[PDB]
Amino acid sequence: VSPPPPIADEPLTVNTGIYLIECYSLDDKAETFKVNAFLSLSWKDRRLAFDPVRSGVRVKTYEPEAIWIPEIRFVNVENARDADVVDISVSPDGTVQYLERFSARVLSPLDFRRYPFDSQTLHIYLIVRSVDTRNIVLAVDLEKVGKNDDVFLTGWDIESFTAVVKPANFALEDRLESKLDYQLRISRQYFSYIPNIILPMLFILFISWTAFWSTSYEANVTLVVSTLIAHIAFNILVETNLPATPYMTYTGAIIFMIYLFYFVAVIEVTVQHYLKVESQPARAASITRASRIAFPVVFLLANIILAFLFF
Amino acid sequence: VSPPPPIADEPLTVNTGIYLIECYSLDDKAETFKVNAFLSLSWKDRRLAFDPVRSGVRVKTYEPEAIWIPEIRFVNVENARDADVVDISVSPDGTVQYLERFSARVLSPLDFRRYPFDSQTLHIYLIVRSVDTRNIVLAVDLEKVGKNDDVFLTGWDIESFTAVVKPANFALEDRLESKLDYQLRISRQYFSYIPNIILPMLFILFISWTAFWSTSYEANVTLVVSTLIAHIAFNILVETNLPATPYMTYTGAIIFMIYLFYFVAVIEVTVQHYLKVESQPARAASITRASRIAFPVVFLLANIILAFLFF
Amino acid sequence: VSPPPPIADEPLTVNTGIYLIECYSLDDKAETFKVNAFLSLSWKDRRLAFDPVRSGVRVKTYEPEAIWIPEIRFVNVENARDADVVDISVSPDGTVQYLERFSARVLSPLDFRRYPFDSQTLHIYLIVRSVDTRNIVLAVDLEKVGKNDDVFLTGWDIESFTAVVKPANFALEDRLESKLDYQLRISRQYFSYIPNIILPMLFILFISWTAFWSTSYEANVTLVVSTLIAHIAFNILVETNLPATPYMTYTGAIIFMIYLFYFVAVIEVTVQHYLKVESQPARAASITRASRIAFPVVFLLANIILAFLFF
Amino acid sequence: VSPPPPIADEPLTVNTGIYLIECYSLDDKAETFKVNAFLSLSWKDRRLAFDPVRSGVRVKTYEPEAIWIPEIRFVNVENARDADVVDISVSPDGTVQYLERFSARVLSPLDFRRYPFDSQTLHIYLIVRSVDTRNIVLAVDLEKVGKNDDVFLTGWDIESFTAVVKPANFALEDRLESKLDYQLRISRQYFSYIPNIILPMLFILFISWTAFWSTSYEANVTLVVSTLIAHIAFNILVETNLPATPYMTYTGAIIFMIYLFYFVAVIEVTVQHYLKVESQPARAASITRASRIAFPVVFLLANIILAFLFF
Amino acid sequence: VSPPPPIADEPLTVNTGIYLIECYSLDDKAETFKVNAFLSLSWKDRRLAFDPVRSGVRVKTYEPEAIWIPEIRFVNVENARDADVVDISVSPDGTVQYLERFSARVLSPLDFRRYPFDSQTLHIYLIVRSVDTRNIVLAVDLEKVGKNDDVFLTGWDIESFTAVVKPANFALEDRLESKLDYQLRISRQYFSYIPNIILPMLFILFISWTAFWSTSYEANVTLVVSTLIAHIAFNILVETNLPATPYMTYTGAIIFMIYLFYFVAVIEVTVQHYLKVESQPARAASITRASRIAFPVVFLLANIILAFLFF
Ligand SMILES: [Cl-]
Ligand SMILES: [Cl-]
Ligand SMILES: [Cl-]
Ligand SMILES: [Cl-]
Ligand SMILES: [Cl-]
Ligand SMILES: [Cl-]
Ligand SMILES: [Cl-]
Ligand code: NA
Ligand code: NA
Ligand code: NA
Ligand code: NA
Ligand code: NA
Ligand code: NA
């Protein structure tokens, strides 16, 4: 067929709704997630109108090839959604109600600055291109926007799913394009990061500081170098569950900062020993005693500064 | 076509059955599993009735496009199942018997609290949306629910596969939706975790405690720090075969707890040495002797407490 | 169409054959393998019979939608095979000869008890469901069962591919089902496991035993703990190329057993040192001398016992 | 149908445009990236011309099977693009305007010489094969070449997307082929490599040099060998995020160079000790003092030389 | 339709050609590679002949469903190729020229004996099954065999792509099958293996030998055991980029051999110490001095022997 023609000179309003059935596979590195959802569309096609009293039925079904249907697409998807059309109902006045269930893999960038205490706003951008015959524009039927109460996005809490109601209308390749921004707001379940990464990483650091209550260089080197190695493991573990950002992450900072602490601890340990060998154990012992306070205090100050800067 | 019309204002009952042919790929991290199964549907379409004596045959075949078939979907799947229709039989009174074989990848959340001694209840949710003309409702033909005796779910024992017989009927976007809960109950084969992870992890810990029968700081540091490193490896190995939970897992607890034991062992070892150097080997030696009992005893108490809390 | 009706009261025999063109991707963890093969089917459809003199050709081609073809399926596949039909020939008497080339990923469980000296029997189960009108039964044309001379399963030797000729006929959901068992018998190329895993693992163990010719506790601890760590690496490497079994594997046993040897070596080393410090180097030295023989002898006995128990 | 015939004897010009909607998945190892884009085509088909005054409309839609459309393909793709046709408009003079949205995975080699400070030029090669009846040739409508302002290629900055306007026309299998080069110019966000890899790698190296202020062989060996091990980890980490090049990468050089520094540090440490044992601590001490300056100075010179050679 | 019938009693010659557009993804472990290529076919169908002077055109196009086309298949592919048909031209005498572009994933075994200095011969086997009506045979049009000059197979140099011109004709399931062997000859770019694996592995080994200029058992144990651990890492790294072969690889040998050197170095170090403790430092010192020459000399001899045996 081809598009409904205008009563006057008005653009065709296509009403939209997304209802999320499943969110899954939030891939931090790819910056993607998968969705399974109802997509609902509604518009006026005069051509399809009818009399309820004459026709005997108050609604009419159609198969999708029978009528004109707007080419709605997702902007930020990897490949075109799989969609199974569920239902098409036309009411007497020629109002069409379309309903598909779809699944798609969606590109949407993530801000890792506060990882792993971060929150994100995922987007699904619906779009339509205007044809020559007629301009098409999108709108949001809020009654058809939602998510079910089970949706679980393993590793994240889901706050809200709402749509920015006013589309962005713009020219692309000499046609009008109308674009809606659906927004899925989430925040990361940070709990497990504490016992699995953060505390272990501290424990190894604090073990490194036992060298400040020790006069054995051979022990000290072993303490500080072994723990430094373990820290690297955690650095590596962490930098692998995350992509290459052009900014420091919060955890990144702490991790990096900690290298400085290991480095300086090695210097102290080196200096202590060097002085003992020159028979200045008195001076050595002042530095060691200072280190016992300076290290943990500066560590604490530094973290407060960092948390201040990142939150 | 379109749905069979009601004698009077009664909903259409669609009878369901799932018969599992294969379960496989229980992915702990994605919280998914794959299934290969018969799906059976049955319903009354009066329009399709016939006389056996007149028509000459007592059952009639059809191809799926020929008749009306309800749009049954799975709720908790990644993408719509692949289904090949096997057989459609209509009996004289217009009773339709549908049978497909399908495969699907199913989202179903797992409770890791008692891992790896955990059991799970997987769900497959069948659903149908009511049309305008007619309300549809699902029911369970218990004679068509089962699994074959071979279904092996590598890494798990299968207890039962049963369906909750009373559907959950609810409004979604101003239509009735009817949802059945099929339940596959499993429990994890925990055996291999003992030799591969648990005992090794203990053995390294117990080796760390040999420092309590030693006066060599250089040895002790090496004992405790090396074993601590090995423990980290196991922590890492374990946290990678599992997803990020917002709750402690049982194994998680033990693993985390064990870091405290390493930490305190380092303190003891540090203290012992420090006293020897101040010529108080007598006090050192009391602490070392106490540690020999305190460590294993507190370890045992702590584990009893944990197992109590988790089981 | 629908199935050929019987001359008398006999079930329809569908003759089968599988000819393997490629085996590949034996995935130990998933317990799957991939196959690329001819599937050959043959049956009598009288309805399709014809005169060579009238029709002008001596055999007739068809496209699969044109005629009735039995719904033959694989039982133990992940998803339905990709099949490209190669040829359908119907001979004058209505004898159909079907030939597809297919590929599928096949579930078939593996017994890891003697890994990596294990052999396996893979299965491909062909099946057909009987319709209402007619009972269908499968049989094996032995002349159409085989494999290519160059079919290779990287990491395995292929012994035989044969079919159990007598189907298993049984009721499922009130219809007859007929099931054939094709069997691919293989055995693992164990060679590479010797230089890459087994010997290294021994070498590190034997290095640990050099502590029996040493009086340096600091050295000994380092010897035994470092090698123990290397052993863990191999344990981890091995447990990752394999799934979680509810039984001990042979290699698993050895690996696990070896932890006990490391543990006891640490005890010996600890004891030796403790006695030296109490000025009983004489007793220490007896234990050390005994250990030099006891360890390797008990190791040998233990392995003989294990190999006996597993083979 | 088949191609438009020429007014005279001129080749058929097909005008092209690519508008990038999404770039993603730049896989360094595979040397690929994924794209989602509009492809626009335009050409003259006289046969389709019409009178605006007679026909009543000034533009005509068609479905793709209705008219002749050139077989445009991508050269450097893994498999043929998924394309959904968006719009086909024909203007009175028989000028066709084609528009598809496509997605494809594109092979395009990367030069790793300056990694991770590298820039790249990705290519998308459009191509068309001439038929017997007519020569077909491609051209670039610059007004239909662009990318939207959001395109984000996680880990990279995007400079430009432009097309080389003059096609390369050449014989392949005795027909003319016409090929356009679209060019996406990018440069790597190198920031994260500094804190995650580069600085750590230096810090461990500088720690190794503390052995130059130490007289303990047992400590020194531990310092230098442990840090060497950590360096290997980083070598391994790095060589895994990259493919096997037949040329040195910049980072590769530094990494490799650093092994020489560890090697020589071990020699120094070995020599120092050997002399102390022969009661020549005076000579030892000159070498150690020299090493304190020589190592960092030569390290600096060497890096300047390398950066000069690579930039 | 069905096949062209013979003028006399001759088999139908189908002329073939493969022109490689892209080679990629040479996966060493799977022993596969991916290809993107033109497949060209040519044969005589008398039925399609025509008069150029009468018909007015010297060539005729067809769509593939219109005419008979031989079922050419690849033998050694995972799944049937994706193919888009490009062009079908028929010349007056009924000579058909077919051209598709395809992509496929190809199984072809690799000989790892000389890795990573190995060369390989990849195969693509084209095949055709004869029908009842007619025998089909394949041949190679050498003018349609080639690859473009860009084909880059990341990690490999490409020597040649040629076809063995004489097919192998043989019986399979009582029909003739005709099989062509296309051969892609490649050799591995070994350069990067030197700096990334081989030299590091030597450097660690040579560091182990510094224990021959040292009298400290505690140092020596640390030197030799730490380096042994690093060697294991490289063994593991290497055995993971490769499959399980039933033969020694060259690199495998060296790696394995090197374990023996570490083992014996531990024995030497153990012996040296044991003698020092029994106050025989004189004998110890002879063995240590011998080791300084024996180790590197035997290492060199052994490698010469191995390279001789493998090349
Ligand atoms: Cl879409
Ligand atoms: Cl579904
Ligand atoms: Cl409700
Ligand atoms: Cl309703
Ligand atoms: Cl199947
Ligand atoms: Cl394409
Ligand atoms: Cl194929
Ligand atoms: Na339509
Ligand atoms: Na239907
Ligand atoms: Na040490
Ligand atoms: Na059929
Ligand atoms: Na067309
Ligand atoms: Na055809």
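Bear in mind these aren't lab numbers, they're just calculated from the coordinates by the rules spelled out. Cβ: placed from backbone, ideal geometry, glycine included. Neighbour counts: every protein chain shown.
A few notes on this one:
- Between copies, B:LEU142 shows label-point distances of 4.8, 4.9, 7.8, 7.8 nm, shortest first, with the point placed 7 angstrom from Cα along Cα to C-beta.
- When chain E is described by a simple charge dipole with +1 on each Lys and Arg Cβ and -1 on each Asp and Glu Cβ, the residue from E:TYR259, E:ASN36, E:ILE7 located farthest towards its positive end is E:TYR259.
- Within chain C, helix-based [θ] at 222 nm, where runs of 4 or more DSSP H residues each add -39,500 (n - 2.57), nearest 500: -10500 deg cm²/dmol
- Charged-residue dipole, Cβ positions (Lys, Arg, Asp, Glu), region A:205-295 about Cα centre, Debye nearest 20: 260
- As a length-normalised measure over Cα pairs under 8 Å and 6 or more apart, the relative contact order of region D:135-199 settles at 35 percent.
- Angle in degrees between helix D:217-240 and the longest Cα principal axis of chain D, rounded to the nearest 10: 10
- Of the peptides D:40-47, A:31-38, E:285-292, the order by per-residue mean of other Cβ atoms within 10 Å, starting with the highest, comes out as A:31-38, D:40-47, E:285-292.
- Within region D:94-184, percent of DSSP bridges classed antiparallel, to nearest 5: 100
- When the protein assembly as shown is described by a simple charge dipole with +1 on each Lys and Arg Cβ and -1 on each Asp and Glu Cβ, the residue from C:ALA211, D:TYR24, C:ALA83 located farthest towards its positive end is C:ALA211.
- Fully extending the segment from A:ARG185 to A:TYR274, taken as 0.36 nm per residue of separation minus the present Cα-Cα distance, adds 26.4 nm.
- Global geometry of region C:1-192, whether rounded, prolate or oblate, following the gyration tensor of its Cα atoms and the 1.5 cut on a/c: prolate
- Taken residue by residue and averaged, Cβ atoms of other chains lying within 10 Å of the Cβ of D:84-96 number 2.
- Contact order normalised by residue count of region B:193-311, Cα under 8 Å, 6+ apart, percent: 31
- Net charge of Cβ neighbours under 14 Å - reference C:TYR19; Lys, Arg +1; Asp, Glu -1: -4
- Shown for C:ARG185: label points 7 Å from Cα along the beta-carbon vector, and their distances to the equivalent points in the other copies, 4.1, 4.1, 6.7, 6.7 nm in ascending order.
- Estimated FRET transfer efficiency when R0 is 25 angstrom, pair B:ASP174-A:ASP93 (beta carbons, to 0.05): 0.90
- For A:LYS29 and A:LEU199, a Förster radius of 30 Å and the Cβ-Cβ distance give a FRET efficiency of 0.75, rounded to the nearest 0.05.
- Nearest-20 debye value, chain C charge dipole, Cβ charges on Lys, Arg, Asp, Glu: 820
- Note on region B:1-70 and region A:281-307: Cα centroid distance 74 Å, given to the nearest whole angstrom.
- Inter-probe distance in nm under a simple model that places probes 7 Å from Cα toward Cβ, at A:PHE311 and E:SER286: 7.1
- A full extension of the chain between B:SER160 and B:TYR247 corresponds to an added length of 28.6 nm, given 0.36 nm per residue minus the alpha carbon distance.
- Across peptide C:207-217, the average count of Cβ atoms from other chains found within 10 Å of a residue's Cβ is 5.
- Summed side-chain charge close to E:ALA139 - residues other than E:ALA139 whose Cβ falls under 14 Å, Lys, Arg +1, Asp, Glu -1: 0
- For region A:22-163, a simple Cβ point-charge model (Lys and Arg +1, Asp and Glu -1, everything else neutral) yields a dipole of about 540 debye relative to the Cα centre.
- Relative to the longest principal axis of the Cα atoms of chain D, the long axis of helix D:199-209 lies at roughly 20 degrees.
- Between B:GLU65 and A:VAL53, the FRET efficiency estimated from the beta carbon spacing at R0 = 35 angstrom works out to 0.60.
- Between helix A:281-310 and chain A there is an angle of about 10 degrees, using the helix long axis and the longest principal axis of the Cα atoms.
- Max mean-square fluctuation residue, GNM over chain D, Cα-Cα springs under 10 Å, options D:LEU122, D:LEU39, D:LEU260: D:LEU260
- Shortest first, A:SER119 label-point distances to identical copies amount to 4.0, 4.0, 6.4, 6.4 nm, with the label point at 7 Å from Cα along Cα→Cβ.
- Principal axis extents of the C-alpha atoms in region B:193-311 (largest first, rounded to whole Å): 51, 26, 26.
- Protection proxy ranking for B:302-309, D:231-238, using the average of other Cβ atoms within 10 Å per residue and placing the highest first: D:231-238, B:302-309.
- Peptide C:171-177 has a mean shielding of 3, counted as Cβ atoms of other protein chains within 10 Å of each residue's Cβ.
- Residue with peak Gaussian network fluctuation, chain A [Cα springs, cutoff 10 Å], from A:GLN189, A:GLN120, A:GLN280: A:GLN280
- Summarised in one figure, the compactness ratio Rg/Rh of the protein assembly as shown, Cα atoms and Kirkwood Rh, is 0.99.
- Based on C-alpha pairs under 8 angstrom that are at least 6 apart in sequence, region C:1-192 has a relative contact order of 25 percent.
- Closest approach to the axis - chain C beta-carbon, rotation onto D, Å: C:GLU218, 4
- The 3J(HN,Hα) values that the Karplus relation (6.51, -1.76, 1.60; θ = phi - 60°) gives for region C:140-151 are, in residue order, 10, 7, 3, 5, 10, 10, x, 8, 4, 7, 10, 5 Hz. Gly and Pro appear as x.
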